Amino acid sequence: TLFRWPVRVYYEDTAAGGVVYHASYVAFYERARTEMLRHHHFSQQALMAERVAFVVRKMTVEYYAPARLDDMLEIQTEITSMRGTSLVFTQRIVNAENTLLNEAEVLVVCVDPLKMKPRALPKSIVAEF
């Protein structure tokens, strides 16, 4: 099931060319994944105290069109694959005219954050998705 998250573009996100810096979109995608988890009752600050954490293992981003200061964007996010210790997020960003700006596929691994050691997905998360 799709999760939608709005993001306003501020000065901090722009670069000298007048458009959003290509790495700023990477952060935007992370916020949307965090809010999708939050919507299903997962706080990563809370989980870290339980020695549960999620890290990016692989990421592909393809850039089609720019965003500019003051644009209101929408990040669209789905969990498309789920396995033992990892899951795949498929994401994209559109602007207020529904123009596709870019899209990403993100492989995420569940780890023990003190050992950086992969651990099985909590069955709560497997059931919730």
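Residue indices: 1-based, along the sequence shown.
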Next on the checklist: Averaging CA B factors per stretch from the PDB record, which one is higher: 115-123 or 15-23?
Outcome noted: 115-123
Checklist outcome for this item: Higher of the two mean Cα B-factors (47-55, 32-40; per PDB record) comes from 47-55
Checklist entry - Per the PDB entry, which option out of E103, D71, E97, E74 has the greatest Cα B factor? => result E97
Item to check | Third of the chain, ranked by Cα B-factor, where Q91 sits | outcome: lowest
Checklist entry - Against its chain's modelled residues, does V61's Cα B factor rank lowest, middle or highest third? => result lowest
